[PDB]
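**Student:** curious how this folds, go ahead:
(chains A and B, ligands or ions: 1)
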Amino acid sequence: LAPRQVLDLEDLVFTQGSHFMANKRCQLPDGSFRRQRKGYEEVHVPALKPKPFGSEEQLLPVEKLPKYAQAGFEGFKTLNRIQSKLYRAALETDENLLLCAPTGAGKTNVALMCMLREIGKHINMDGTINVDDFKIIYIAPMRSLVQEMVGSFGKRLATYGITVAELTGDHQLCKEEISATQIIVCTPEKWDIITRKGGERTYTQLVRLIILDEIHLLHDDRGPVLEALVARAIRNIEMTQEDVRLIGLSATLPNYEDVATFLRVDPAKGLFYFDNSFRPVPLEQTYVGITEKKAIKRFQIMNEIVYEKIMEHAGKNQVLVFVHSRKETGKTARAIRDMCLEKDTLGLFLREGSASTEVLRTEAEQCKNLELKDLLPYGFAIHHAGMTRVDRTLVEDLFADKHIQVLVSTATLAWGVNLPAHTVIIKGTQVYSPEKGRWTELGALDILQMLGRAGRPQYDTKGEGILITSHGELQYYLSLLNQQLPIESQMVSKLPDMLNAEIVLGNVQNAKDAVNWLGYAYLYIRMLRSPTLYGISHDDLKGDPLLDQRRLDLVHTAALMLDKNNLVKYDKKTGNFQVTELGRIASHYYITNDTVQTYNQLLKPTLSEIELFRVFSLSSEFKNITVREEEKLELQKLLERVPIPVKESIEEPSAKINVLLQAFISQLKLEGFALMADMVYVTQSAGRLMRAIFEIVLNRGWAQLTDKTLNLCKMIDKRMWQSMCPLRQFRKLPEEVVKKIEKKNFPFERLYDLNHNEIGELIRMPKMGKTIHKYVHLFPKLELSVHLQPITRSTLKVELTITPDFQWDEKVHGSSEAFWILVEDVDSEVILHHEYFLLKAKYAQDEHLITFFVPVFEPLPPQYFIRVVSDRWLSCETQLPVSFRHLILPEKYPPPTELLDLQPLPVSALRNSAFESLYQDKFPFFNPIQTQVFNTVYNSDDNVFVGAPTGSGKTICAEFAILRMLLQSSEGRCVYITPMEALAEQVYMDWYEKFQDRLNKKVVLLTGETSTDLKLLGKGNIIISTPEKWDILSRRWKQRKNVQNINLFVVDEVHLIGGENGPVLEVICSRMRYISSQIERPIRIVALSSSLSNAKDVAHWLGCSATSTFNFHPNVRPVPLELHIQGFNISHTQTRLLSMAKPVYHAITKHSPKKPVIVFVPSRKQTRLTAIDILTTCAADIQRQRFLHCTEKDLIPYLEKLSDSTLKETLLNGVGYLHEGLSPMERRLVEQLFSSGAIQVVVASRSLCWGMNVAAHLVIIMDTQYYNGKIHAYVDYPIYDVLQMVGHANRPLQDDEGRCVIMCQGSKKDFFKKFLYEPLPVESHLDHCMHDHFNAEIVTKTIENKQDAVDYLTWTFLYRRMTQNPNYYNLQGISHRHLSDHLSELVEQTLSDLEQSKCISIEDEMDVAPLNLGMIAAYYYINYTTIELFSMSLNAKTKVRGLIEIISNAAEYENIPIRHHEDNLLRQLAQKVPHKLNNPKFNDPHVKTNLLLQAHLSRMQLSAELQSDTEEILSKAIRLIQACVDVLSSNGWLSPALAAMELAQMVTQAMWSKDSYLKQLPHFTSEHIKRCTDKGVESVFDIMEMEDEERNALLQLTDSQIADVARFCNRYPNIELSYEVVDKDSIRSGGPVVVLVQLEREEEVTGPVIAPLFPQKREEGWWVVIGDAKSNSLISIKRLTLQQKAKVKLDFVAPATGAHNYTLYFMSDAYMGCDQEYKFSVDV
Amino acid sequence: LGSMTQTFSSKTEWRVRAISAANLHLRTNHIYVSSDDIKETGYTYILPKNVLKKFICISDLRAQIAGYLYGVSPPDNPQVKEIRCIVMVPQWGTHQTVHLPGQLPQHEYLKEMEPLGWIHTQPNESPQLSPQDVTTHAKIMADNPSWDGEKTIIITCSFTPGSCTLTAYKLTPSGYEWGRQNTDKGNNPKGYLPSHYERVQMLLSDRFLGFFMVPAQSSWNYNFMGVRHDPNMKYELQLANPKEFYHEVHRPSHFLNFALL
Ligand SMILES: O=S(=O)(NC(=S)S)c1ccccc1
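**Tutor:** Residues are numbered from 1 along each chain as shown, chains lettered A, B, ... in the order given. See the structure here:
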């Protein structure tokens, strides 16, 4: 490392561009010769020289090629010689390759071969191809080339079904085709910007083949881009261990060995070198080097030599001249034609009176070009950019028709299409490059391509190429075109910028990372091979043979450059790079560092449009732009009337650039050609630069500058100003009609609501007004209403309802439209919040609900403002004021209850033996909060509330009341409700081990199974349950005597009433108060929570006295709490995480050097990546293994059972990570290692903040945002998650302190502070979630009329908050009539939504009753909208697959998906599973649910996360299928109900209806059931029939396996069924009939249903169904369990005097193959 | 003279005035308010800083701009009057007087607040209230009786060097009569005398915040299109913030014309 030295990169740059001539001489081929003619020296090269064949070369017919790739090579048979040499390495090896072949020669066919190899990899059995699985990247140097590449690649590869396309325009939203495309052709810089932005879940992961065409561009000044890409790809391959193939194509140039080293191409296997001999046609070479130094004479001489050469080819095939500009094609064609007219030589091109001249005359009127009709008849033609594509194709067709005898073209033709000519002449090799501010020589690639266009496939025996240029540059153009031009790196010029690109990516984060990165660059290779050219002394090279010191010095210089410009914070000692927002913006908009420093210095919030134009003008991309004399007059004529003022004089090029931009926006044509070129440069570059200024000033919250910059972006794009009538933006509207509209000063606004004829009268052109109307309504516009939700006296939550008020036409609006939402302060200076809003076509009509938080203060600011501005559509702006005239602000938080300095309460205060015993085993004194509250819980019967930080010991407080209840009666029942099940299990373990093990009391954790839970509540003294498990039970409180006999109700984390699941908590808690009032026996209520600012509201809601409610403050936490909030301001999430990487290490070594540390990260991938980052920073800054505290070998036993080698290594170094995908044993082992202190740091996913049982001294929360795959957007951590994560910093019996660092975006800092230092207000969301509760209460008759519904709502927390914060619930007033009217509206709306959903029935618009759909809803605890969709979809239609689809699309499953493109893989196998239908909406929850379900039925092996998904889906599944059975029985037909029962049993045993029943037997392989079916025996109890010796002979199984099988054979239900008809012969048609069925279990075993593949435990169930299959009519259904024996009777109204069968009753709900049927018949 | 180099190259005046007005945000931190300290009237006016900073940021140094003032009295103190809103109306101005519509502002928000007068810019800090200002205030008083002479003021924001000095005036009855009778626009016209006005107390504050109301259809700067301004024109208002002086919406011609050639 130190000491280093700073280099002058400017001096190290060759400053020759691609014109660097590293060769010192130039040898010529034998036969060549040199002449001198008229002042120009002519060099002649014979070329020719095609070696017939080597040792043994035989061309390969396509028939010998692999079958899969033959069809792509349609229309050809014999590959060229190079192709036949490379067929092996291209289609039979996966090696990276570099092919140096002469230009032309079809070097792209080998790339096609490699592409076909990678295509054949992903071919599946169906004949189709896993198109979604792979992506190939093709890198062409010119967009001209890219378009033809896309076309031809699609044409040749359409047969395999690949969508071949290039990506264009803005990459922000055009990503649908990106997923759709399988081959992506693009320019190197577009790929660079893409990979720069990057991201996770990108398609860059699926990229397996990259093809770098025309790679000799490495010599060009664009070369460093190719270098950056290849270095990036190799480094990322190394990191991913996923090898990616690189295929390089170059010309016959030296230094090819170093280029192969660049591409990791093995010389023997991968390197294939061919010379110019393998050119398709011999290229007779003439090089003309002129010496005349007068410009006028040079022009005349160049025209003279061109004329001489064209006349030497007067009768020859064709002549193709190339010139620099578009007007110069016309000039040169006109010059040669006029020189032909001065002579009589013109007649030599024409074939006398030709039919071809007749064709050129035929298209004289058809060409519709001013130059073309003048020059086409004489055989002349031109090709340039400013030309119709049809006209260009017509010129190409006449040249292919051989009619056009002379063609003059810009290089765009040379790159674009396949247009060969016999003779090709390059008229000059100098061209104006607006970047350089000068005329520079031609890029070697352009020259190589043009002169490769000389000769033709078969029409010519030989081609001839003439190159006219200066005499000095002759040698260079010789050595390039005869293989003596070395290829060198130009990275030194661009090194700082490139480095920033990699720092922003995080790929580089220290100087040594950058030295590695540079090692993968072509610059390093070339420095190692030729140190002389790159300024490295030979003894200097001896000093460090690997060039470590030189690379490190280069990196140090670049880092110092970036730190100067404030892009990157660089630490000299460490060598560390910290990315900043400026550096990211520079990398992400292709801005160089000097430009960004300029922007940072100049840009102030008070800039005007004048100053903003100047700031753009001072961009370092325009540094070489100069004001020349030849143009100053025109520039002065413009600057005299520019709309945006220009302060400086016209001599300063700043003024030139400013004026040129203004002229581009005003759409002006300039006379000077240098002006046209410099405008092209300035404007094409201006887009990204202005977007960069936009993100700067926006993320800086400067409102005015943000507006101006966005509008300037829209103006640069749409080529108009604001004042212009925006209709011109359509591009389908005439210009003159818009002019006539502009003349009228009636605001376009004022023609919105106007009808067509009035519009026409206003324009004065009425007939077309309808069209205007259409294009008036196609103009985007939105409608915004605002719901203000006061959170606190300082914080407001805002719900914006965006409703589209335009018509969506895909021809105009595309797939999506984009808007920016900006909240602005009173004086429109400060952007309080901004947000990007994408209106997609899927919801182009529907409303859009956006909720955000804005601060406020007292006295109230008059208004805020909400502007919505279209990102691309101009003047499409809709602004909404937000007035606080009528804002009702909540009362201030009451002072918290004081924590008195009371004497610590010993355990002896319980005054009971076993109580004292346990709590002396654990401690000698009580927590001070426990101490303060002890008397009220232990020595009173009142309801009590406790509020204190998470980690204060609230559980012991509740245990006190449990103990007092047990003392008052040892048979009493307590119900403990906690909102999270993963916390319920912690409570269950601890409280079983306590109460049950030490007191012979009962502790039962409810399961959700109705009968299991009712038993557990009957037998239990302490019943732990989640809210929903208690809701479903307590609903039937009238029919449940156990629910009424409850004595104590404890509820933990009650603040979670303000969360997503809050409503069910609030509902059960109000249910307990209503029940305690009704039964007159008091049910005591104990509530534990975090500190609540409005704790008194909840206490009153629960009947807690003022003396019983205890609300504390986060300073009273037993363990003292140190909180630090660190703001990171990068808007880009991923880069923000990178910026937070190293400060995690810093916070560890500052706050918790030796004590344990827990880090919380937003996603599972971030767990492992942050662990690796911790270990890397630790290795670099001090020493690793500061985390390990147990000997590595003492942990190797525990370690070797783990699955992830990454996890075992990081654990070895002392850091473990927790994510959903870890198997339970792995998670248990990591948490065990953490509690043991063996591992110091644990990096854990956010989702585990409830599940984790461990704790640490320090808690480091990263980011506080997570990606949603559903919305495809980031969501904030709710405050409750944050509180729990912070509560993890509670180590009581080990640490004196508890420290937590929350790393958040700057904007959130305040909010977090505001709501983490002080108690938290909570409010009810029950007003939204209410329909299912109302329907259930209508079922259980708790609610009978609408007045009873309002009565019901009186008991809620909602009522308490509505009088305290009305605006939060959209109320306006605290009076009693306001409340009654609001409740009236709410009850009417909920009940009418119920009635229309058919769950209830409203009579006289007053009284309500429950229908059967509502009964099936409340019975099975199912959302009513599920029931509605079920009722509408089922009908009499019976499909097992359709049934799975109906169940999946139920509203309950709208959860779980994230990333998981492996569903695609499942989709492939879901193409195999019985149902592949519906369009493949991956990322849709219901799709994932039925996919996982159908995988489960086929006993398919999936991932672990997918298995958890499966578990939850399965539980809610069986309850839904029972609902479906009851629906199909209530009024449906017979076959669908029967199929639903079959689906229930199919789900239980993970069996398909076709599978053999023997698949239910444990330890039974598929070969085993094949053996049994070879016996033909398939009956499930046939195994029971065989003797155990005989069954043992057939099975060949292990005694434990046979024991499991025997338990199942015994548990398998075999029942005796008896059917009977009372009074059978004496029945009546009108009268009812009862059929009696008696069922008796023969075995009479007790236990659950044996289904290991089923998640929860389940009991036997059975169905009985009267109904004929001939008529598909179900008559009489009844379900029942068969414990012991039982009789059942089915009532059914008889038909009319007709014979009928006695049907197919018996059906199961679990075991498959137990289904019976008995038939009979009797008439009336 | 034989063959002498001759060509006129010049720019319009509004170019220079725009380049000048771009730096108006600077004068906002140095804003002084003049108090003779002998007024002792009783009626005290409190002007919030935000609306004044936006008023100054949008003005021009040469051409004058004006805004109407609406405000109420604080809860307990009738003697105090807190300017709480500035209404910008379509106007066109010269360096002496500002031409305003005959229609006074009318909106729902303004129904609860009192018309407290008007405020206008001034390029020179003349030590007396302009005769044009007296005439305009008296004519506005006579045509609309919503402006009581004792509760309406003329606030003058004078463009002092690198700053802006405020001073507030109220008309006296003789001033009302002379301003109703005056049809002369001279700088020292008939019957002008300093006893026609009196100095009232103005206060700058940042304790409370004020808001702007701008016309809903067109903006306020008709200066660049003085033709479209007729004193009998009628406007509707909205809750928004006023655009800068040289905003493109104020001068559409300067863009369209430059586009046509
Ligand atoms: O109830 S919230 O409005 N959450 C949703 S968006 S469901 C809320 C309020 C305060 C802190 C965290 C969360």
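**Student:** all strands for the stretch 1301-1450 of chain A, in order.
**Tutor:** All strands of the stretch 1301-1450 of chain A, identified by DSSP state E, counting those that start in this stretch, fall at A:1400-1403, A:1407-1410.
**Student:** nope, the stretch 1151-1300 of chain A is what I meant
**Tutor:** Under DSSP E, counting those that start in this stretch, the stretch 1151-1300 of chain A gives strands at A:1157-1161, A:1215-1218, A:1241-1245, A:1258-1262, A:1265-1268, A:1273-1276, A:1298-1305.
**Student:** between the last one and strand A:1157-1161, how big is the angle?
**Tutor:** Translated: strand A:1298-1305. Counting by axes from the mean of the first three to the mean of the last three CA atoms, to 10 degrees, strand A:1298-1305 lies at 20 degrees to strand A:1157-1161.
**Student:** packing partners for strand A:1298-1305?
**Tutor:** Contacts defined by 3 or more CB pairs under 8 Å, 6 or more residues apart in numbering or on different chains; DSSP states H and E place strand A:1298-1305 against strand A:1121-1128, helix A:1133-1151, strand A:1258-1262, helix A:1279-1287, helix A:1306-1316. (C-beta placed from N, C-alpha, C; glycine too.)
**Student:** between the longest one and strand A:1258-1262, how many degrees?
**Tutor:** Angular relation of helix A:1133-1151 and strand A:1258-1262 on a 0 to 180 degree scale: 170 degrees, by the same axes, to 10 degrees.
**Student:** for residue A:895, which of the strands of the stretch 1151-1300 of chain A is the nearest?
**Tutor:** For residue A:895, the closest of these is strand A:1298-1305, at 24.8 Å, according to CB to CB.
**Student:** the closest one pairs with which strands, parallel or anti?
**Tutor:** strand A:1121-1128 (parallel), strand A:1258-1262 (parallel) (DSSP bridges).
**Student:** can I get the ones you listed in JSON lines with mean neighbour count?
**Tutor:** Shown next, in JSON lines, are these (neighbours: other CB atoms under 10 Å in any protein chain shown):
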{"stretch": "strand A:1121-1128", "mean neighbour count": "16"}
{"stretch": "strand A:1258-1262", "mean neighbour count": "27"}
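**Student:** export those strands to CSV and tack on distance to the ligand?
**Tutor:** Formatted as CSV, the strands paired with strand A:1298-1305 follow (distance: least, CB to the nearest ligand atom, whole Å):
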stretch, distance to the ligand
strand A:1121-1128, 16
strand A:1258-1262, 15
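**Student:** out of the ones you listed, nearest to residue A:916?
**Tutor:** Proximity to residue A:916, assessed across those by CB to CB, is greatest for strand A:1121-1128 (31.0 Å).
**Student:** okay, angle between that closest one and helix A:1306-1316 too, please.
**Tutor:** Going by the same axes, to 10 degrees, strand A:1121-1128 makes 160 degrees with helix A:1306-1316.
**Student:** export strand A:1121-1128 to PDB, keeping only CA atoms.
**Tutor:** Output in PDB follows, covering the C-alpha atoms of strand A:1121-1128 (Å, rounded to 0.1, in the frame of the first residue of the first chain):
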ATOM      1  CA  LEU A1121     -32.300   2.000  26.200                       C
ATOM      2  CA  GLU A1122     -29.800   3.900  24.000                       C
ATOM      3  CA  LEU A1123     -31.300   4.700  20.600                       C
ATOM      4  CA  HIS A1124     -29.300   6.100  17.600                       C
ATOM      5  CA  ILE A1125     -31.000   7.000  14.300                       C
ATOM      6  CA  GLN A1126     -28.700   7.400  11.300                       C
ATOM      7  CA  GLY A1127     -29.900   9.100   8.100                       C
ATOM      8  CA  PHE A1128     -28.900   7.800   4.700                       C
END
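**Student:** now do that strand: everything it contacts.
**Tutor:** Applying CB atoms under 8 Å, 6 or more residues apart in numbering or on different chains, the contact partners of strand A:1121-1128 are A:949, A:1114-1115, A:1136, A:1139-1140, A:1143, A:1147, A:1151, A:1286, A:1289, A:1297-1306, A:1309, A:1312-1313, A:1316-1317.
**Student:** list the contacts for the closest residue in space to residue A:199 that isn't next to it in sequence?
**Tutor:** Nearest residue to residue A:199, sequence neighbours excluded (CB to CB, 6 or more residues apart in numbering or on different chains): residue A:1134, at 6.1 Å. By CB under 8 Å, 6+ apart, the residues touching residue A:1134 are A:198-200.
**Student:** mark which of the residues you listed are buried, thanks.
**Tutor:** residue A:198 (16 or more other CB atoms under 10 Å in any protein chain shown).
**Student:** need the residues of chain A near chain B, please.
**Tutor:** A:606, A:608-611, A:636, A:639-643, A:645, A:647, A:666-668, A:721-724, A:742, A:745, A:747, A:749-750, A:826-828, A:859, A:861-863, A:865, A:879, A:881, A:883, A:885 (CB under 8 Å from any CB of the partner chain).
**Student:** one step back: pick the one among the contacts of residue A:1134 closest to the ligand.
**Tutor:** Of all the contacts of residue A:1134, the ligand sits closest to residue A:200, with 24.3 Å by CB to the nearest ligand atom.
**Student:** ranges for the helices of the stretch 601-750 of chain A?
**Tutor:** Along the stretch 601-750 of chain A, counting by DSSP state H, counting those that start in this stretch, helices occupy A:609-617, A:629-639, A:653-665, A:673-699, A:703-718, A:735-743.
**Student:** out of the ones you listed, which one sits most buried?
**Tutor:** helix A:653-665 (a mean of 24; mean count of other CB atoms under 10 Å in any protein chain shown).
**Student:** what helices and strands are in contact with that one?
**Tutor:** Counting contacts by 3+ CB pairs under 8 Å, 6+ apart, helix A:653-665 packs against helix A:609-617, helix A:629-639, helix A:673-699, helix A:703-718.
**Student:** turn those into a markdown table, including distance to residue A:842.
**Tutor:** Below are these laid out as a markdown table (distance: least, CB to CB, whole Å):
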| stretch | distance to residue A:842 |
| --- | --- |
| helix A:609-617 | 37 |
| helix A:629-639 | 47 |
| helix A:673-699 | 27 |
| helix A:703-718 | 26 |
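**Student:** distance to the ligand added to these, as JSON lines?
**Tutor:** Below are these laid out as JSON lines (distance: least, CB to the nearest ligand atom, whole Å):
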{"stretch": "helix A:609-617", "distance to the ligand": "38"}
{"stretch": "helix A:629-639", "distance to the ligand": "54"}
{"stretch": "helix A:673-699", "distance to the ligand": "24"}
{"stretch": "helix A:703-718", "distance to the ligand": "26"}
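**Student:** what's in contact with stretch A:1188-1198?
**Tutor:** With contacts defined as CB under 8 Å, 6+ apart, stretch A:1188-1198 is touched by A:1211-1214, A:1229, A:1232-1233, A:1236-1240.
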